[PDB]
Amino acid sequence: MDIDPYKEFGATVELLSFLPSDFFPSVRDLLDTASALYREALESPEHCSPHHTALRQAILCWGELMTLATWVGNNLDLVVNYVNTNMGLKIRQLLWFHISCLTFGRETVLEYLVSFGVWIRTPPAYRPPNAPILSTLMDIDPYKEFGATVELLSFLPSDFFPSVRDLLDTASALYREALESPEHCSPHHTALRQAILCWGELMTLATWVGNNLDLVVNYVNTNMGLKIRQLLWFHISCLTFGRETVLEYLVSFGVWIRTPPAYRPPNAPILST
Amino acid sequence: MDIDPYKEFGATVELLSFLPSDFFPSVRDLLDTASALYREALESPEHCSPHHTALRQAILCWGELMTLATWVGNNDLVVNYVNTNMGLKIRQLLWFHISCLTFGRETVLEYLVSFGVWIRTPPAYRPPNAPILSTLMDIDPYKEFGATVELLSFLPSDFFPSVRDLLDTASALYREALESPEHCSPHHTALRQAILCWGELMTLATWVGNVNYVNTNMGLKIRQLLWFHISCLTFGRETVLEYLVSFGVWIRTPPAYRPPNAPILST
Amino acid sequence: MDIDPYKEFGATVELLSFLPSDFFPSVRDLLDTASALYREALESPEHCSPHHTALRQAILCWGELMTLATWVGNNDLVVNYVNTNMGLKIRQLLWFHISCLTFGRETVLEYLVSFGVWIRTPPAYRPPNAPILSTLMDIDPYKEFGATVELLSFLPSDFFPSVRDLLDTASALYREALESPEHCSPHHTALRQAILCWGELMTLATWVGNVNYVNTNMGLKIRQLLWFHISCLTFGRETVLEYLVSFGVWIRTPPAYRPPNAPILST
């Protein structure tokens with residue numbers, strides 16, 4: 001799947017390439033800006049916007065990118081300036097786009113990307129002195145806006161969830177025409193596009209540790225692979241079975257696992273359509 | 001899952017830390033006050049209050065702590081540990097529910113603020129009279145819920161899942177209401193006390209291990225309490241009560257006169 | 001500009017001089033009483049009272065006094081000076097606002113008159129019980145006003161004028177209401193406490209000078225508080241809050257991608 005993170009919001013990757021690489025603030029400057037203004041809505045049990053759904057996933061994706069980044073530094077700073085060049089640059093553009101579309105409006109940021117493009121394409125002998133400005137003058141749960149918890153997702157066994165290869169094959173076989181659509185179509189589609197993109201960022205970083213500096217691939221499939229297996233399984237199943245069905249299946253299969261085998265139905269529950 | 005024993009009753013642990021540890025009457029003095037005033041209601045087939053429910057589980061939890069304490073003294077250094085750690089938290093819980101039954105709940109919350117003002121005062125300006133509250137037993141744990149100990153006595157010991165598996169089912173399904181400042185049911189009140197009763201029972205057992213026969217005497221009793229209140233929240237009370245009737249007919253029937261599959265609780 | 005900390009709350013300094021200096025509970029005893037009773041309201045995005053506002057600035061001022069006191073002990077003679085002079089005035093301010101939240105404001109003013117009658121009595125006719133009040137934590141200073149510490153963290157250290165220049169702007173524009181016996185706004189209440197907090201901070205610094213790193217740790221924090229409340233009185237709160245948004249976009253933009261002039265707060 002070639003999924004654009006900006007396509008459902010009316011932008012593309014090449015449209016945000018109009019701003020230079022050093023236009024964007026640091027991740028600390030942007031994560032402080034989100035918590036200064038949207039910390040009560042980014043931790044709300046509501047969707048509230050597609051921009052809030054896409055911002056919650058990018059905040060959790062950077063934490064998993066930085067969990068792997070410090071772990072390689074303990075178990076081999078050459079790893080961390082590669083993250084700031086490749087993965088952290090994509091995080092900074094994605095954080096900047098959603099924070100400023102919340103602050104200023106999505107049409108305003110799309111008008112501004114065009115206006116800054118005309119300004120930066122001007123040669124410096126004819127460029128105006130003032131650039132265009134956009135001025136109008138935190139622990140997140142990935143499942144909370146969908147009615148679940150990390151506690152309810154871990155209520156099921158660790159080895160219950162299918163492989164990350166089988167889930168990306170399922171999303172490609174069933175939702176490739178909608179995950180690559182320029183529409184939102186659901187909050188499940190928004191949270192699933194970011195999960196597919198974030199797994200590509202970690203799989204880019206994990207093979208870079210493997211080629212340059214192979215114990216890291218076992219670690220990412222234990223901690224970050226299990227978290228992406230539950231995240232892919234949750235949103236795929238809520239698309240094909242419904243969100244209320246998957247929430248009741250989590251407490252049906254969970255109590256069935258806890259029940260002694262002599263006093264439960266003999267076969268495991270399953271979701272079927 | 002961190003449960004406050006007083007959050008549904010308008011207080012906190014930090015509000016009852018205003019009173020000192022030696023303020024509270026002994027367990028024997030508090031159980032006599034309960035027996036003399038509230039015995040036909042604490043042995044009643046009614047709920048009668050959320051205070052009556054929380055007091056019933058607290059009297060029954062002290063009996064399991066004393067049964068565990070009198071055993072490990074046969075197999076007095078431990079009784080100085082029970083009275084300092086587990087007997088003190090029972091004494092705060094027994095005092096709180098007797099006093100909110102005798103004086104009302106808003107009187108005890110107001111008395112907690114007033115005793116805090118008295119205890120924070122330096123002694124040159126603190127009056128000699130401390131504030132006082134003046135202006136106004138065999139318990140079955142299941143009897144207020146329609147069941148009995150004898151009705152649940154037919155379920156074998158391997159029917160129930162682990163205490164860990166029952167504390168995960170409570171936390172994955174009901175944590176939002178077990179840590180709520182509401183009551184929400186008498187099944188939630190009884191479930192809050194049983195989780196804290198297991199926490200007092202476990203810290204005694206890990207301390208005397210520095211032995212796990214508690215998993216056939218006290219852990220079995222906790223497992224039926226944890227099973228009964230989880231199931232009555234999941235399936236409903238009348239569904240669980242009529243399942244316990246039909247399971248008992250099955251388990252009293254000898255083999256070759258019953259179907260080889262036990263009844264299943266669902267739907 | 002001489003500000004009475006209790007004039008908007010119906011009292012004076014001379015009325016709280018009826019109580020002796022050793023009457024008041026310790027700072028640790030008073031902060032636990034605030035934490036146990038008023039923490040979801042003292043960490044709330046609401047005002048909820050003028051007493052809640054004055055209590056928030058007093059808890060945050062004691063933290064800056066203790067940060068200044070624990071530094072100069074590394075570079076215990078000063079802690080006997082803080083507890084005698086600055087810790088005593090905090091203890092009167094912490095006691096007054098906790099007690100007017102717990103018992104009401106008219107009860108505390110009546111208790112101050114009654115304790116004065118008791119303390120003036122000669123000891124042969126003074127009763128043994130002193131009068132008592134019986135009948136009924138990480139704070140953000142800007143959170144009740146719509147801002148945060150992180151929102152004001154983008155303004156550089158040279159944005160703000162001097163503490164002297166900010167105390168003259170308050171005195172030349174708002175002295176008639178900062179010395180009034182009214183509240184007039186939550187911005188006036190917070191401004192009264194910050195001017196008195198700087199006075200307690202400065203007398204400690206001139207005493208330990210008989211060193212001015214307070215102008216990059218504590219004077220910087222006072223300068224943002226003095227700037228924010230003066231500007232929200234001058235320009236309005238929503239004008240200042242949307243200026244802080246637009247200034248942050250400007251200061252996060254690197255040079256050669258922003259206009260070379262910062263946004264100006266006016267109109």
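Everything in this summary refers to the structure shown in the same document. (Residues numbered from 1 in each chain as written, not as in the entry; some residues may be left out. Chains lettered and ligands numbered in written order. Part of a larger assembly, values for the part shown. Heavy atoms only, no water.)

The next point concerns the overall build of chain A. Each helix and strand counted, chain A has 10 helices and 0 strands in total. Along chain A, helices (α) and strands (β) appear in the sequence α-α-α-α-α-α-α-α-α-α when read from the amino end. Principal-axis analysis of the C-alpha atoms places the extent of chain A at approximately 85 × 40 × 35 Å. In chain A, which comprises 273 residues, the proportion classed as buried is 50%. Of the roughly 12700 Å² that chain A leaves accessible, carbon and sulfur atoms contribute 54%. (Helix = DSSP H or I, 4+ residues; strand = E, 2+ residues; numbered from the N terminus. Buried < 20%, exposed > 50% of the residue type's maximum accessible area, 1.4 Å probe, protein only. Areas by Shrake-Rupley, 256 points an atom, 1.4 Å probe, with all protein chains shown as cover.)

To continue, consider the overall build of chain B. The number of helices and strands found in chain B is 8 helices and 0 strands. Going residue by residue from the N terminus, the α and β elements of chain B occur as α-α-α-α-α-α-α-α. Taken over 267 residues, chain B has a buried fraction of 53%. Within the structure as shown, chain B displays about 12400 Å² of accessible surface, and the carbon and sulfur contribution to it stands at 54%. Side chains of chain B carry 18 positive and 27 negative charges; the gap between the two charge centres is 2 Å. (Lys, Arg positive; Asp, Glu negative; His and termini not counted. Charge placed at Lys NZ, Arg CZ, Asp CG, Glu CD.)

Here the focus is the packing of helix α5 (residues 163-178) of chain C against helix α6 (residues 186-208) of chain C. Residue and element names in this part refer to chain C. Packing of α5 against α6 leaves a shortest axis separation of 12 Å and a crossing angle of 135°. Between α5 and α6, the interaxial angle falls into the category oblique. Relative to α6, the crossing made by α5 is left-handed. Contacts from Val163, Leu167, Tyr174, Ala177 and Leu178 in α5 reach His188, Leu191, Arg192, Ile195 and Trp198 in α6. (Axes fitted to C-alpha atoms, helices over the stretch in contact; angles between N-to-C directions. Parallel < 35°, antiparallel > 145°, perpendicular 65-115°, else oblique. Left-handed = near helix turned anticlockwise from the far one by under 90°. Contact = heavy atoms within 4.5 Å.)

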